[PDB]
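**Student:** mmCIF, C-alpha atoms and all ligand atoms, file coords.cif:
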data_coords
loop_
_atom_site.label_atom_id
_atom_site.label_comp_id
_atom_site.auth_asym_id
_atom_site.auth_seq_id
_atom_site.Cartn_x
_atom_site.Cartn_y
_atom_site.Cartn_z
CA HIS M 4 87.97 5.31 18.02
CA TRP M 5 86.11 3.28 20.71
CA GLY M 6 85.00 -0.27 20.06
CA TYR M 7 85.11 -3.82 21.43
CA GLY M 8 88.71 -4.88 20.54
CA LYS M 9 91.86 -5.43 22.76
CA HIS M 10 93.06 -1.88 22.10
CA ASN M 11 89.77 0.08 22.12
CA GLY M 12 87.29 -2.01 24.20
CA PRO M 13 85.47 -1.33 27.46
CA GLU M 14 88.60 -1.21 29.70
CA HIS M 15 89.89 1.72 27.52
CA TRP M 16 86.70 3.84 27.27
CA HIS M 17 87.39 5.86 30.47
CA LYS M 18 90.28 7.73 28.76
CA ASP M 19 87.94 9.50 26.29
CA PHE M 20 84.76 9.18 28.48
CA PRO M 21 85.74 9.61 32.15
CA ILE M 22 82.09 9.00 33.25
CA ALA M 23 82.90 5.33 32.45
CA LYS M 24 84.02 5.19 36.15
CA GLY M 25 80.95 7.16 37.41
CA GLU M 26 78.36 6.56 40.11
CA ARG M 27 75.49 5.13 37.97
CA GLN M 28 77.08 3.10 35.13
CA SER M 29 75.43 0.27 33.23
CA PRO M 30 75.08 -2.63 32.85
CA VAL M 31 75.07 -4.29 36.32
CA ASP M 32 74.67 -7.78 37.76
CA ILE M 33 71.08 -8.24 39.08
CA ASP M 34 71.34 -10.10 42.38
CA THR M 35 67.80 -11.58 42.53
CA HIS M 36 68.00 -12.22 46.31
CA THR M 37 69.01 -8.56 47.10
CA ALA M 38 66.51 -6.87 44.69
CA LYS M 39 63.58 -5.51 46.78
CA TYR M 40 59.94 -6.03 45.69
CA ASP M 41 58.48 -2.50 45.49
CA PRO M 42 54.67 -2.83 45.92
CA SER M 43 54.24 0.88 44.91
CA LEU M 44 55.70 0.56 41.33
CA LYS M 45 52.67 1.38 39.06
CA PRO M 46 51.66 -0.90 36.16
CA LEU M 47 54.09 -0.96 33.15
CA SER M 48 52.45 0.22 29.88
CA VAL M 49 54.05 -0.80 26.54
CA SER M 50 51.86 0.77 23.79
CA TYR M 51 53.40 -0.27 20.41
CA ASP M 52 50.16 -0.70 18.31
CA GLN M 53 50.85 2.49 16.22
CA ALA M 54 54.66 1.98 15.96
CA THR M 55 56.17 3.20 12.63
CA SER M 56 59.54 1.60 11.85
CA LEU M 57 61.47 3.38 9.07
CA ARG M 58 64.98 2.03 8.59
CA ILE M 59 67.70 -0.38 9.78
CA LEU M 60 71.30 0.89 10.11
CA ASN M 61 74.67 -0.86 10.75
CA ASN M 62 76.45 1.89 12.77
CA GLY M 63 79.72 -0.11 13.17
CA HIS M 64 78.90 -1.18 16.80
CA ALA M 65 75.44 -2.79 16.39
CA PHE M 66 72.37 -2.42 14.12
CA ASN M 67 69.58 0.02 15.01
CA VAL M 68 65.93 -0.43 13.91
CA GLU M 69 64.75 3.17 13.83
CA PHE M 70 61.20 4.48 14.41
CA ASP M 71 59.30 7.69 13.61
CA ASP M 72 59.46 9.48 17.00
CA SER M 73 57.97 12.81 15.64
CA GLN M 74 54.60 11.94 17.39
CA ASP M 75 53.38 9.67 20.35
CA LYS M 76 53.03 6.53 18.13
CA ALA M 77 54.90 3.96 20.31
CA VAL M 78 55.21 4.84 24.02
CA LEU M 79 56.42 3.37 27.27
CA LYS M 80 54.85 4.63 30.52
CA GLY M 81 54.03 3.54 34.06
CA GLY M 82 56.23 1.18 36.05
CA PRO M 83 58.91 3.42 37.68
CA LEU M 84 58.39 6.21 35.06
CA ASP M 85 56.86 9.69 35.40
CA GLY M 86 55.38 10.86 32.08
CA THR M 87 55.63 9.52 28.53
CA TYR M 88 58.72 8.01 26.80
CA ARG M 89 58.73 7.68 22.98
CA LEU M 90 60.32 4.73 21.15
CA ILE M 91 63.23 5.92 18.95
CA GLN M 92 65.12 2.69 18.14
CA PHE M 93 66.06 -0.78 19.22
CA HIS M 94 69.31 -2.70 18.97
CA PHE M 95 70.97 -5.77 20.40
CA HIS M 96 74.22 -6.78 22.10
CA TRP M 97 75.42 -10.36 21.47
CA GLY M 98 78.30 -12.82 21.81
CA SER M 99 80.62 -14.95 19.65
CA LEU M 100 79.26 -17.98 21.59
CA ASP M 101 75.82 -18.74 23.14
CA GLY M 102 77.38 -18.56 26.69
CA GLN M 103 77.96 -14.79 26.51
CA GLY M 104 76.49 -11.67 24.87
CA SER M 105 74.15 -10.04 27.43
CA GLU M 106 75.21 -6.83 29.20
CA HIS M 107 73.06 -7.24 32.30
CA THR M 108 73.55 -10.54 34.15
CA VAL M 109 71.14 -12.28 36.56
CA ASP M 110 72.92 -13.88 39.56
CA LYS M 111 76.06 -13.70 37.28
CA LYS M 112 74.26 -15.67 34.47
CA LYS M 113 75.06 -14.33 30.97
CA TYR M 114 72.44 -14.69 28.20
CA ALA M 115 73.28 -15.10 24.51
CA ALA M 116 72.14 -11.57 23.68
CA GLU M 117 70.21 -8.55 25.03
CA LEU M 118 67.63 -6.36 23.25
CA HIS M 119 67.48 -2.64 24.14
CA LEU M 120 64.26 -0.77 23.22
CA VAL M 121 65.28 2.88 23.62
CA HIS M 122 62.75 5.56 24.59
CA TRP M 123 63.12 9.30 25.37
CA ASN M 124 61.15 11.49 27.82
CA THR M 125 58.75 13.73 25.75
CA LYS M 127 59.11 16.55 28.36
CA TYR M 128 62.65 17.19 26.85
CA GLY M 129 61.43 17.53 23.26
CA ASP M 130 64.15 15.46 21.49
CA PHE M 131 66.59 12.62 22.10
CA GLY M 132 69.66 14.93 22.13
CA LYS M 133 68.16 17.06 24.98
CA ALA M 134 66.88 13.99 26.83
CA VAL M 135 70.34 12.30 27.11
CA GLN M 136 71.54 15.37 29.11
CA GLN M 137 68.97 14.68 31.87
CA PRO M 138 69.02 12.07 34.67
CA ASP M 139 65.48 11.00 33.72
CA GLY M 140 65.89 11.44 29.96
CA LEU M 141 65.71 7.84 28.68
CA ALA M 142 63.88 4.62 29.53
CA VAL M 143 65.50 1.47 28.11
CA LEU M 144 63.49 -1.77 28.12
CA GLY M 145 66.06 -4.61 28.30
CA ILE M 146 65.07 -8.12 27.21
CA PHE M 147 67.34 -11.20 27.43
CA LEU M 148 67.74 -13.67 24.52
CA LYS M 149 68.39 -17.38 25.05
CA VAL M 150 69.04 -19.88 22.26
CA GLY M 151 66.26 -22.45 21.77
CA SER M 152 63.12 -22.14 19.64
CA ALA M 153 62.98 -19.47 16.88
CA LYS M 154 61.31 -16.14 17.58
CA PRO M 155 59.01 -15.68 14.53
CA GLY M 156 58.78 -11.90 15.19
CA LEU M 157 62.60 -11.56 14.83
CA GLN M 158 62.89 -13.24 11.38
CA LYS M 159 62.07 -10.03 9.40
CA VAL M 160 65.13 -8.46 11.13
CA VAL M 161 67.37 -11.55 10.51
CA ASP M 162 66.45 -11.61 6.80
CA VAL M 163 67.50 -7.94 6.11
CA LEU M 164 70.98 -8.20 7.79
CA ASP M 165 72.55 -9.44 4.46
CA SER M 166 71.74 -5.91 3.07
CA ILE M 167 73.50 -4.03 5.94
CA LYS M 168 76.56 -6.24 6.42
CA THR M 169 79.07 -3.37 6.86
CA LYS M 170 79.43 -0.11 8.83
CA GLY M 171 77.34 2.77 7.43
CA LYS M 172 74.93 0.60 5.37
CA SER M 173 71.19 1.19 5.85
CA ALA M 174 68.02 -0.33 4.37
CA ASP M 175 64.34 0.64 4.31
CA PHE M 176 62.64 -1.22 7.20
CA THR M 177 58.94 -0.27 7.27
CA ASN M 178 55.95 -1.98 8.98
CA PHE M 179 58.05 -3.92 11.56
CA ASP M 180 56.01 -4.64 14.72
CA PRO M 181 58.23 -4.61 17.87
CA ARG M 182 55.38 -6.35 19.86
CA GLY M 183 56.74 -9.56 18.22
CA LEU M 184 59.94 -9.24 20.33
CA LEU M 185 58.19 -9.09 23.81
CA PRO M 186 57.95 -12.09 26.20
CA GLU M 187 54.56 -13.03 27.77
CA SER M 188 55.34 -11.50 31.22
CA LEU M 189 56.24 -7.80 31.82
CA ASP M 190 57.65 -8.60 35.34
CA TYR M 191 60.86 -6.48 35.60
CA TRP M 192 63.76 -5.16 37.63
CA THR M 193 64.49 -1.42 37.57
CA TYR M 194 67.46 0.79 38.59
CA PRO M 195 69.02 4.17 37.57
CA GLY M 196 71.98 3.80 35.18
CA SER M 197 73.59 4.83 31.89
CA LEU M 198 74.05 4.18 28.21
CA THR M 199 76.23 1.05 27.91
CA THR M 200 78.08 2.63 24.93
CA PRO M 201 80.04 5.85 24.73
CA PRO M 202 79.21 8.53 25.62
CA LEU M 203 78.03 6.45 28.66
CA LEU M 204 75.65 9.26 29.74
CA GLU M 205 73.93 8.68 33.15
CA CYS M 206 70.43 9.40 31.72
CA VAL M 207 68.70 5.96 31.76
CA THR M 208 65.95 4.44 33.86
CA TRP M 209 66.61 0.74 33.13
CA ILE M 210 63.67 -1.64 33.01
CA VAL M 211 64.99 -5.24 32.61
CA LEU M 212 62.36 -7.93 31.98
CA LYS M 213 62.73 -11.15 34.02
CA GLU M 214 61.42 -13.47 31.27
CA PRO M 215 63.81 -13.99 28.34
CA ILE M 216 62.73 -14.54 24.75
CA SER M 217 63.93 -17.61 22.82
CA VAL M 218 65.71 -17.26 19.47
CA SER M 219 67.10 -20.06 17.28
CA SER M 220 70.75 -20.92 16.73
CA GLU M 221 70.24 -19.93 13.07
CA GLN M 222 68.81 -16.49 14.03
CA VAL M 223 71.81 -15.56 16.28
CA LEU M 224 74.28 -17.02 13.67
CA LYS M 225 72.96 -14.34 11.28
CA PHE M 226 73.75 -11.60 13.87
CA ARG M 227 77.33 -13.00 14.05
CA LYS M 228 77.84 -12.68 10.25
CA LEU M 229 77.53 -8.86 10.45
CA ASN M 230 80.76 -6.78 10.25
CA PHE M 231 82.13 -3.96 12.44
CA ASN M 232 84.17 -2.79 9.45
CA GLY M 233 83.17 -0.74 6.41
CA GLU M 234 82.82 -2.23 2.88
CA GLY M 235 86.26 -3.04 1.34
CA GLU M 236 88.00 -3.10 4.74
CA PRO M 237 89.46 -6.23 6.45
CA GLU M 238 86.46 -8.34 7.68
CA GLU M 239 85.94 -8.15 11.44
CA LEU M 240 82.89 -10.07 12.59
CA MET M 241 80.39 -8.06 14.67
CA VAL M 242 80.46 -10.24 17.82
CA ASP M 243 80.95 -9.58 21.55
CA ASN M 244 79.59 -6.02 21.30
CA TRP M 245 78.69 -6.05 25.03
CA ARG M 246 80.03 -4.11 28.03
CA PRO M 247 80.53 -6.25 31.16
CA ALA M 248 78.83 -5.60 34.51
CA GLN M 249 79.87 -2.36 36.29
CA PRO M 250 79.92 -1.64 40.05
CA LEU M 251 76.44 -1.09 41.58
CA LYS M 252 77.79 1.57 44.03
CA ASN M 253 75.05 3.49 45.90
CA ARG M 254 72.09 1.95 44.01
CA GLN M 255 69.13 -0.34 44.79
CA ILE M 256 67.60 -2.66 42.18
CA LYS M 257 63.77 -2.85 42.65
CA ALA M 258 61.55 -5.76 41.50
CA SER M 259 57.98 -5.30 40.19
CA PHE M 260 57.14 -8.88 41.39
CA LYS M 261 57.31 -11.13 44.53
ZN ZN G 301 72.37 -1.10 24.09
#
Starting from the file, lay out its structure as C-alpha cells.

**Tutor:**
Amino acid sequence: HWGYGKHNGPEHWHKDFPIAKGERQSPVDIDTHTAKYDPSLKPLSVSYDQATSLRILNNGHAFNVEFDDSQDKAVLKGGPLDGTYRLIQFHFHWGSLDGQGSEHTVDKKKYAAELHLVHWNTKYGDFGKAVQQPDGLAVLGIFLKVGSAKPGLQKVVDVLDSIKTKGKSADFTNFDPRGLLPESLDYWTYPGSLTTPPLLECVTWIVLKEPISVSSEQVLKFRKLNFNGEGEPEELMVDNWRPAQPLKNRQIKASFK
C-alpha cells in the first residue's frame, strides 16, 4: 500500500494515483518574491469558538484530531473563499530531524513540521462529495519551528502514548484548536491538492506566513509514534511529508505587502 518508505513513498504514488503528476498538485515551494499581493482578497475569518473535538486516531500515516462537523460549529470563511467551510480534522506532517518535515517550503526553507486544519465546503453536504469538487476543501497550513513550547499543543502530545500504533484511537474532547494559531493571519493562497493519496485536486490552500514554535520535547513525542500496527515490527512515524511539486500554470497570491 502507499506510504513514505523507499518502496512505497512519494516517487511511487503515481502508479496507483496517476493524478500525482497532475496540473495542480501540492505541496509547492512558495517563492516569496514572485507571490503577488492581491489587495482584493477579503478578510480571513477563523471561527473556532464552538469547535467540538471528539477523537484522535493514528491512521498509519499521521494522527487526525477529529471534530463534530454535523453543524456549523467551527468554520473558515473569507480570504480567497466563497461560502462556508467546516472544520473536520487536523493533522501534522513532520521530520526525523528538525531540518525537515514541512510539505510547503518558503524560498526552499523546510520547517520542522506542518499543521493542516482541514475544512469542507458546506454547499457539497459532506466531505466525500466535497473532495470531488475543485473548490471542495480549504486547508489552513501552519509551519512549526523548534524553539519555545506551544502550551496549546501539550494536550495533543500527552495523548500520543495511547495511540502509538496504526488503527488506535482515543477519546479527545474539549480540545481548542485556537491554541495552535499564530498571532498573524497573513497568508499565501493557491489552488492545489491533498498531499496524500488519493491526491485529489480539490483544495484551496491557505498557508500562514507566521510559524508557531514548539519545543524539542513536543516534536520528539511525534517521532515516537509508529506507522505499524500493534505487534508488528516497529517503524517510527517520521518523514511523513511529500516534497514540493511543480507549480505549473499557477499563481501564489499574498494577503499582505
Ligand atoms: Zn496534510

**Student:** What residues have an atom no more than 9 Å from (73.0, 12.8, 30.0) in the file's own frame, counting only C-alpha atoms, and can you write them as a PyMOL selection string?

**Tutor:** chain M and resi 132-141+197-198+202-207

**Student:** Which residues sit within 7 Å of ligand ZN 301 (chain G), counting only C-alpha atoms and all ligand atoms, listed as a VMD selection string?

**Tutor:** chain M and resid 94 to 96 119 198 to 200

**Student:** Of the residues M:226, M:179, M:192, M:209, which is the one nearest to residue 34 in chain M, using all atoms listed in the file?

**Tutor:**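 Looking only at the distances to residue 34 in chain M, the closest residue turns out to be M:192.
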
**Student:** Could you list, as a ChimeraX atom specification, every residue within 9 Å of residue 71 in chain M, counting all atoms listed in the file and ignoring same-chain residues fewer than 3 positions away?

**Tutor:** /M:54-57,74,76-77,90-92

**Student:** Given the choices M:63, M:247, M:12, M:235, which gets closest to residue 171 in chain M if the distance is worked out from only C-alpha atoms?

**Tutor:**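 Closest residue, counting only C-alpha atoms: M:63.
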
**Student:** Which one is closest to residue 177 in chain M: M:107, M:127, M:257, M:58? Count all atoms listed in the file.

**Tutor:**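 Selected residue with least distance to residue 177 in chain M: M:58.
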
**Student:** Set the distance at 8 Å and use only C-alpha atoms: which residues neighbour residue 27 in chain M once local chain neighbours fewer than 6 positions away are removed? I'd like the list as a count of residues only.

**Tutor:** 7

**Student:** What does the structure give for the distance between CA of residue 118 in chain M and CA of residue 13 in chain M, in Å to one decimal?

**Tutor:** 19.0 Å

**Student:** Expressed in Å to a single decimal, how great is the separation between CA of residue 162 in chain M and CA of residue 227 in chain M?

**Tutor:** 13.1 Å

**Student:** Find, counting all atoms listed in the file, the residue in M:222, M:99, M:217, M:188 that gets nearest to residue 240 in chain M.

**Tutor:**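 Checking each candidate against residue 240 in chain M, we get M:99 as the closest.
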
**Student:** For residue 16 in chain M, which residue among M:106, M:69, M:201, M:238 is the nearest when counting only C-alpha atoms?

**Tutor:**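 Checking each of M:106, M:69, M:201, M:238 against residue 16 in chain M, counting only C-alpha atoms, the winner is M:201.
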
**Student:** May I have the residues at most 10 Å from (57.2, -9.2, 48.1) in the file's coordinates, counting only C-alpha atoms, as a list in words?

**Tutor:**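 Output: residues 39, 40, 41, 42, 258, 259, 260 and 261 of chain M.
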